[PDB]
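Top line first, the protein sequences correspond to chains C, O, K, L, B and D. For the first sequence, position 3 matches number 11 in the authors' numbering, and the numbering has no gaps at all. For the second sequence, position 186 matches number 223 in the authors' numbering, and the numbering has no gaps at all. For the third sequence, position 67 matches number 262 in the authors' numbering, and the numbering has no gaps at all. Going left to right, the fourth sequence walks through residues 121 to 207, 220 to 273 as the authors' numbering numbers them. For the fifth sequence, position 1 matches number 20 in the authors' numbering, and the numbering has no gaps at all. For the sixth sequence, position 42 matches number 70 in the authors' numbering, and the numbering has no gaps at all. Beta carbons: idealized from backbone N, C-alpha and C, even for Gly.
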Amino acid sequence: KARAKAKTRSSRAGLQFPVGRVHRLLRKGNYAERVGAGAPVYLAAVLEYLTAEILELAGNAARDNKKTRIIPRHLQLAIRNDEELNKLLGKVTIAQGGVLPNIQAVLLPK
Amino acid sequence: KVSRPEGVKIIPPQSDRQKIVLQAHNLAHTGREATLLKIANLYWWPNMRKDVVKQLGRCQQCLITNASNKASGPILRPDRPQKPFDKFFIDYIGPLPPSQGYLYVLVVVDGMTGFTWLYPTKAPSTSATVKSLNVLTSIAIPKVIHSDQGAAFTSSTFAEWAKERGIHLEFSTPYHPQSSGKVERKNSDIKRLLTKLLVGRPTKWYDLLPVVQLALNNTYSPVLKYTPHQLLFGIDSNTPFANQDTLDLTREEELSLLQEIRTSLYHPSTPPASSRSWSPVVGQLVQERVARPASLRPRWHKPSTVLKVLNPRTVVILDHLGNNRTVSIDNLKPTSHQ
Amino acid sequence: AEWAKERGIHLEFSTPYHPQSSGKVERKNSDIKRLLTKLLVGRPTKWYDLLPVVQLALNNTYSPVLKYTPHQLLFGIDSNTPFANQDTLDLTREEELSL
Amino acid sequence: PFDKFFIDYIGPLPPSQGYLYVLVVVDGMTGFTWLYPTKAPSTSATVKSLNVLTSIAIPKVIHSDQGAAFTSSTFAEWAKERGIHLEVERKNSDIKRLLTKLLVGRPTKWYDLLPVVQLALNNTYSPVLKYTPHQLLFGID
Amino acid sequence: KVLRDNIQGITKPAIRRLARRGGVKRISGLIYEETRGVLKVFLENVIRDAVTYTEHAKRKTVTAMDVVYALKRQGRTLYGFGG
Amino acid sequence: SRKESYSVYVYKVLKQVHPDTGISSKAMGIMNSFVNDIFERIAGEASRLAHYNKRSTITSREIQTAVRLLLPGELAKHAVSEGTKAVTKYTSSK
DNA sequence: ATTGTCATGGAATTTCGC
DNA sequence: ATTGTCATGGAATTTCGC
DNA sequence: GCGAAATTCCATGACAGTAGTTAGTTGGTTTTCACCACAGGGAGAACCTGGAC
DNA sequence: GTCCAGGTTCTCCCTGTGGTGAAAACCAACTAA
Ligand SMILES: [Mg+2]
Numbered sequence: 009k010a011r012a013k014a015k016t017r018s019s020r021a022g023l024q025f026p027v028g029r030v031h032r033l034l035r036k037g038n039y040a041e042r043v044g045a046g047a048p049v050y051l052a053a054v055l056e057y058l059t060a061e062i063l064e065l066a067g068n069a070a071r072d073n074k075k076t077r078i079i080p081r082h083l084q085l086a087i088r089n090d091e092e093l094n095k096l097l098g099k100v101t102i103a104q105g106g107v108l109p110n111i112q113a114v115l116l117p118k
Numbered sequence: 038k039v040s041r042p043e044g045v046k047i048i049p050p051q052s053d054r055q056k057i058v059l060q061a062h063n064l065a066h067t068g069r070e071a072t073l074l075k076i077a078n079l080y081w082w083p084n085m086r087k088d089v090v091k092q093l094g095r096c097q098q099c100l101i102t103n104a105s106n107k108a109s110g111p112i113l114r115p116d117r118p119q120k121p122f123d124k125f126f127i128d129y130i131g132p133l134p135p136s137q138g139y140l141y142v143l144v145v146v147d148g149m150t151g152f153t154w155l156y157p158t159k160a161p162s163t164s165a166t167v168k169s170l171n172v173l174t175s176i177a178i179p180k181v182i183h184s185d186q187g188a189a190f191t192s193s194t195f196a197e198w199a200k201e202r203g204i205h206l207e208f209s210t211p212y213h214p215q216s217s218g219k220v221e222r223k224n225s226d227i228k229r230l231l232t233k234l235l236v237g238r239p240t241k242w243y244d245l246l247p248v249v250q251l252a253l254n255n256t257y258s259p260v261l262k263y264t265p266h267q268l269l270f271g272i273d274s275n276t277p278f279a280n281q282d283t284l285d286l287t288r289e290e291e292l293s294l295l296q297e298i299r300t301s302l303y304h305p306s307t308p309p310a311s312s313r314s315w316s317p318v319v320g321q322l323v324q325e326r327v328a329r330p331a332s333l334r335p336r337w338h339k340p341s342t343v344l345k346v347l348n349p350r351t352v353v354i355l356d357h358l359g360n361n362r363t364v365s366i367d368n369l370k371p372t373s374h375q
Numbered sequence: 196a197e198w199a200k201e202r203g204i205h206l207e208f209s210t211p212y213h214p215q216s217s218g219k220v221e222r223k224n225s226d227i228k229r230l231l232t233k234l235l236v237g238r239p240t241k242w243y244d245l246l247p248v249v250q251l252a253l254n255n256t257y258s259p260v261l262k263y264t265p266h267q268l269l270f271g272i273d274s275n276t277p278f279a280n281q282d283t284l285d286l287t288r289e290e291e292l293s294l
Numbered sequence: 121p122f123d124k125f126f127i128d129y130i131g132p133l134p135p136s137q138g139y140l141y142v143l144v145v146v147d148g149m150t151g152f153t154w155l156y157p158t159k160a161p162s163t164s165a166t167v168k169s170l171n172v173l174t175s176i177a178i179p180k181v182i183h184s185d186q187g188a189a190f191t192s193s194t195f196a197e198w199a200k201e202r203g204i205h206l207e220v221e222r223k224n225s226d227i228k229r230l231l232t233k234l235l236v237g238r239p240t241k242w243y244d245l246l247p248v249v250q251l252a253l254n255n256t257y258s259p260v261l262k263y264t265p266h267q268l269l270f271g272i273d
Numbered sequence: 020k021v022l023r024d025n026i027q028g029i030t031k032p033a034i035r036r037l038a039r040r041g042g043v044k045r046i047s048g049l050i051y052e053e054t055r056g057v058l059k060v061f062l063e064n065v066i067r068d069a070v071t072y073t074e075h076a077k078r079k080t081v082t083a084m085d086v087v088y089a090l091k092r093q094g095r096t097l098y099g100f101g102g
Numbered sequence: 029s030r031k032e033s034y035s036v037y038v039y040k041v042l043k044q045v046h047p048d049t050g051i052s053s054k055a056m057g058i059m060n061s062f063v064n065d066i067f068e069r070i071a072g073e074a075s076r077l078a079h080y081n082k083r084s085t086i087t088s089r090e091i092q093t094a095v096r097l098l099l100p101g102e103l104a105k106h107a108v109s110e111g112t113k114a115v116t117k118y119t120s121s122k
């Protein structure tokens with residue numbers, strides 16, 4: 009026999025990051041023994057807010073330097089432009105980025 | 038306009054028939070009578086109730102929530118088989134409290150007698166059932182095995198073992214535990230024997246399972262007056278309080294006495310069919326019950342048409358999914374106001 | 196109970212593990228979950244919106260074996276509702292109290 | 121009964137838990153008194169107090185004086201969604229004299245005694261009508 | 020309960036005595052308005068991480084292992100009180 | 029064989045707030061490995077929250093506390109309220 | 001020192017037309 | 001292409017004694 | 001007196017706390033492989049700006 | 001102010017990367033207890 013229409017749990021919460029894949033990365037990562045049904049929902053949302061907030065800021069730096077695609081320099085520069093995004097990734101190197109443009113305003117020429 | 042002995046009432050136009058009732062129906066989503074008394078405050082016209090029934094057949098927000106007030110009819114008592122090893126009624130019990138790493142107990146009741154068989158396992162998988170019956174198919178081979186539509190029995194693997202033995206698998210109608218008859222009774226026996234033994238101690242019930250298929254299998258059926266041993270074998274084994282009344286006979290001739298013992302047994306009584314019974318009709322609209330109804334959800338699905346009627350208790354309906362889901366008539370409801 | 200003695204509330208409790216003792220509330224909870232069930236078909240169950248509806252939709256359902264509103268048996272006359280009686284407007288309110 | 125609601129604020133009081141003006145309802149023939157406090161005197165804070173009233177009582181005609189929330193635009197957008205045509221006497225004098233002098237005199241303790249003020253008004257005898265409003269409302273004698 | 024002017028409770032010698040444990044001979048008079056600032060940054064990143072543990076178990080008392088768990092989080096482990 | 033990833037679920041977020049924007053391959057892997065790292069910080073602090081309160085159960089309450097620890101300041105105000113929308117929408121369904 | 005219930009659709013019943 | 005059941009104690013019933 | 005219409009009757013079922021968990025299967029989602037229409041850069045030059053003076 | 005150096009912008013051609021379309025694979029969700 010057949011069964012009902014399989015509605016994915018990512019579409020039942022209005023998210024884009026999956027909840028089926030997150031819920032088997034809380035029971036095969038030995039984080040705890042029981043994982044609630046609402047926990048990979050709530051975690052796939054916080055993975056989805058923070059994935060926007062970089063790419064929101066990574067979209068602007070691509071636009072301000074006339075680019076269609078976002079190369080890692082923009083991800084390097086979207087981070088450390090925002091203050092609170094930088095304090096999350098304060099220890100973290102991003103590959104192929106270089107640094108922000110910075111002079112200490114004492115080395116200016118005389 | 039019209040005059041009534043309770044006041045002045047209003048005759049609406051013929052174009053205003055469906056609109057005036059539908060706005061009174063959806064005020065509280067009532068059925069036939071509380072709908073009608075709303076219209077009995079402003080309006081009145083000949084054949085009010087032919088229009089209220091015209092509403093509710095289209096109002097598919099009210100067909101899938103109200104339940105039937107029409108019970109199903111008389112229950113069927115199917116006959117006993119004429120030999121043992123013809124119908125086994127199997128159903129896991131448990132999760133019980135644990136002992137020796139066991140939680141689930143397969144219970145194989147013979148449909149001839151009541152002779153239970155126990156085969157405890159760790160988890161109700163397919164393969165835990167298959168080795169549990171290879172002990173029991175060592176005794177003899179059944180024709181038919183009844184069950185419920187279990188998680189382990191409906192597997193495509195379990196049926197491929199069952200076709201080897203000559204097992205005719207039989208499954209109950211879904212969400213109908215009343216179909217599996219004797220096994221739901223002996224599970225109220227096993228949990229009234231193991232309950233009585235285990236009073237005042239830790240439930241170490243894996244010790245007491247060789248007791249149960251020897252203590253229940255020598256309980257006299259108090260309305261048949263025989264052991265399960267005698268109706269299965271013919272004479273008692275070396276048990277306490279065993280009959281010597283058969284030792285005055287020849288075993289070479291009481292085999293055919295035993296076939297006349299088996300055909301004189303008590304048959305149960307069908308209850309009288311109550312007044313608000315209802316019968317399925319091929320072509321009548323019926324509604325199944327939603328399987329596991331979530332909170333604040335329809336209890337019933339959308340209407341469906343009966344394809345075939347098998348007995349007056351088992352009917353094949355055509356679900357919204359396109360499903361030939363062979364349900365009982367303790368599942369269905371008569372679709373209101375056809 | 197210490198709040199209940201302030202009001203003059205005589206608390207009454209059912210016999211334990213006997214939900215059949217509380218009579219009507221176990222019936223109207225099968226009404227509220229057959230009104231809020233019927234409204235919320237095919238949408239997310241945002242039932243906190245629909246609670247002012249329920250104590251105005253059930254409280255004007257005619258008891259089909261008593262033939263009255265809950266409003267009339269509580270107050271005496273309908274409020275401004277759709278399909279309200281005018282059969283009581285042929286009477287005096289100063290005398291239909293004892294009616 | 122359920123004929124016409126003469127509905128008026130009272131205030132501005134000393135606030136208790138952020139409530140300023142008290143919505144007082146005067147019934148059409150009986151004179152029953154609902155007391156729903158409002159946060160602000162706006163149209164937004166009275167309709168949400170009137171929505172609890174609409175589940176119990178709906179008047180035939182809503183009729184009072186000229187204000188900001190009792191004469192508004194969205195107030196009539198909601199009222200015509202219901203279907204109410206826009207447009220006891222001693223209970224009006226309690227708005228100007230009694231209940232203003234009852235809800236002033238307690239610093240924050242007027243919010244606590246709102247049912248205590250309410251239940252005494254409905255059991256008050258009316259010599260003109262020869263009943264109390266609670267008895268006229270519910271039809272018990 | 021509110022008791023203010025207690026970032027000024029870290030007195031002028033008690034910052035000098037902490038300076039002497041670091042091996043510092045001569046100090047300025049403008050460290051005192053710098054130390055009280057860097058101290059309250061460090062206690063607004065521990066108490067903010069400690070209270071979310073105590074609220075999570077619905078306790079009303081921020082216990083001894085709570086602070087150690089907060090200091091476990093930042094990468095500055097404190098022995099001697101458990102955890 | 030199969031490498032699971034979060035690369036597809038970036039285009040379903042990149043095309044939400046910047047619909048005329050592509051993204052390179054070597055910048056995908058950063059937002060890929062941003063996810064897997066910020067996954068196991070939140071999980072691996074919710075995990076150690078299970079032992080600290082003697083429960084074997086990761087609830088959706090424990091992920092909320094393991095986001096109010098890792099995210100500082102103003103991200104901890106939004107990503108909490110950007111989860112409790114996606115749960116209340118989820119639980120009113122099904 | 002407390003107790004079912006009550007909306008609801010065949011189906012039987014009564015009205016009543018002339 | 002399926003369907004209650006059956007142990008169990010008042011209580012009614014039958015045996016039957018002489 | 002027959003038929004149709006308004007009404008009353010009555011037996012029934014569901015509400016009770018409801019969340020889960022497991023086992024087996026299926027449908028849809030996802031990862032991957034092959035692909036081309038393209039975006040950005042590389043190159044040259046024309047235009048440009050400020051620091052060298 | 002002045003001249004020039006190294007840069008920045010604009011355009012044209014070319015390539016590599018990406019975004020996608022199609023099958024396979026596997027997991028997630030549903031079903032019955
Ligand atoms: Mg079962």
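Ends of the alpha helix (DSSP H) at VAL95(D)? Taking the sixth sequence and counting its residues from 1, the one referred to as residue 95(D) is at position 67. Unbroken alpha helix (DSSP H) run through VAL95(D): 90 to 96.
Specify the secondary structure class of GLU201(K) as computed by DSSP and reduced to three states. For this step, residue 201(K) is matched to residue 6 along the third sequence. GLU201(K) falls in the helix class under three-state DSSP.
Could you work out which residue in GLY99(B), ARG78(B), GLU52(B) and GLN93(B) is closest to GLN27(B) when comparing CA atoms only? Stepping through the fifth sequence from its first residue, residue 27(B) is reached at position 8. Of the listed residues, the one whose Cα sits closest to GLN27(B) is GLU52(B).
In terms of DSSP beta bridges, what is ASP90(C) paired with? Your numbering for residue 90(C) matches position 82 in the first sequence. In the DSSP output, where bridge partners are listed per residue, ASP90(C) has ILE87(C).
7 Å Cβ cut-off: residues of chain D touching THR240(K): Residue numbering aside, residue 240(K) sits at position 45 when the third sequence is read from its first letter. Here the neighbours are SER120.
Along the chain, where does the beta strand (DSSP E) that runs through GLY44(O) open and close? Numbered from 1 along the second sequence, position 7 holds the residue referred to as residue 44(O). Segment 44 to 46, the beta strand (DSSP E) holding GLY44(O).
Do you know whose CA, among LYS122(D), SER120(D) and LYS113(D), lies nearest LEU23(C)'s CA? Along the first sequence, read from residue 1 onward, the residue named residue 23(C) stands at position 15. Of the listed residues, the one whose Cα sits closest to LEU23(C) is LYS113(D).
Please state if the CB of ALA66(C) and the CB of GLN44(D) are separated by a distance shorter than 8 Å. The residue given as residue 44(D) occupies position 16 in the sixth sequence. The residue given as residue 66(C) occupies position 58 in the first sequence. Cβ atoms of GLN44(D) and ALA66(C): not closer than 8 Å.
Quick check on this structure: which residue in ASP48(D), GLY57(D), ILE66(D) and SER29(D) has the alpha carbon closest to the alpha carbon of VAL36(D)? Start at 1 with the first residue of the sixth sequence, and residue 36(D) comes out as number 8. Per the Cα distances, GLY57(D).
Buried or exposed for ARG313(O), going by 16 or more other Cβ atoms inside 10 Å? Taking the second sequence and counting its residues from 1, one reaches residue 313(O) at position 276. The residue is exposed, with fewer than 16 neighbouring Cβ atoms inside 10 Å.
I'd like to confirm something about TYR39(D): is its beta-carbon nearer than 7 Å to some heavy atom of ligand 1, or not? Taking the sixth sequence and counting its residues from 1, the one referred to as residue 39(D) is at position 11. No, the Cβ of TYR39(D) stays beyond 7 Å of every heavy atom of ligand 1.
Test item: CB-CB of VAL327(O) and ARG336(O) under 8 Å: Along the second sequence, one-based indexing puts residue 327(O) at 290. Along the second sequence, one-based indexing puts residue 336(O) at 299. It is a contact, given that the beta carbons lie within the stated cut-off.
Secondary structure of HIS266(K), DSSP reduced to three states: Here residue 266(K) refers to the residue found at position 71 of the third sequence. Three-state result, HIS266(K): helix.
Which residues DSSP lists as bridging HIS183(O), in chain order: Translated into the one-based positions of the second sequence, residue 183(O) becomes position 146. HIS183(O) is bridged to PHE126(O) and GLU207(O).
How about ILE178(O): is its C-beta nearer than 8 Å to some C-beta of chain K? Counted from its first residue, the second sequence places residue 178(O) at position 141. It does not: the Cβ of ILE178(O) has no partner Cβ on chain K nearer than 8 Å.
Jot down the residue ranges of each uninterrupted alpha helix (DSSP H) in the region 33 to 72 of chain B, minimum 4 residues, whole runs only, in chain order. 51 to 62
Beta-carbon contacts of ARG329(O) that lie in its chain and below 7 Å, excluding the five residues immediately before and after: If you number the second sequence from 1, residue 329(O) lands on position 292. If we look at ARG329(O) and ignore the five residues flanking it on each side, it has no Cβ neighbours.
Using only the alpha-carbon positions, how far apart do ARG202(O) and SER373(O) sit? Numbered from 1 along the second sequence, position 165 holds the residue referred to as residue 202(O). Numbered from 1 along the second sequence, position 336 holds the residue referred to as residue 373(O). Each residue's alpha carbon lies about 47 Å from the other.
Does the CB of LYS113(D) have a neighbour CB from chain K at under 8 Å? Residue 113(D) sits at position 85 when you count from the first residue of the sixth sequence. No, no contact with chain K.
Which value, in whole angstroms, describes the spacing of the CA atoms of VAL236(O) and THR363(O)? The sequence position of residue 236(O) within the second sequence is 199, counting from 1. The sequence position of residue 363(O) within the second sequence is 326, counting from 1. In a straight line, the C-alpha of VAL236(O) is about 43 Å away from that of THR363(O).
Closer than 9 Å by beta-carbon distance: list the chain D residues that pair up with residue 125(C), in chain order. For residue 125(C) there is no data in the structure shown, the boundaries of chain C being 9 and 118.
is_contact[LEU269(L), chain K] using C-beta, thresh 8 Å: By one-based count along the fourth sequence, residue 269(L) stands at place 137. Taking Cβ atoms only, chain K reaches closer than 8 Å to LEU269(L), which makes this a yes.
Nearest to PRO42(O) by alpha carbon, out of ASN78(O), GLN60(O) and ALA71(O)? The residue you call residue 42(O) lines up with position 5 of the second sequence. With distances taken between Cα atoms, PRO42(O) lies closest to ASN78(O).
Would the region 95 to 102 of chain B and the region 66 to 80 of chain B be scored as touching if the rule is three or more Cβ pairs under 8 Å? no
What does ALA70(C) reach in chain D if we use C-beta pairs closer than 7 Å? On the first sequence, residue 70(C) is found 62 positions in, with the first residue counted as 1. Going along chain D in sequence order, the residues near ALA70(C) (Cβ under 7 Å) are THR49.
Beta-ladder partner(s) of residue 26(O), from DSSP: Since the first residue shown for chain O is 38 and the last is 375, residue 26(O) is missing from the structure and cannot be characterised.
Return the CA-CA distance between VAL60(B) and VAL30(C), expressed in angstroms with no decimal places. As a first step, residue 60(B) must be located in the fifth sequence, where it is residue number 41. As a first step, residue 30(C) must be located in the first sequence, where it is residue number 22. The alpha-carbon atoms of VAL60(B) and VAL30(C) are separated by roughly 35 Å.
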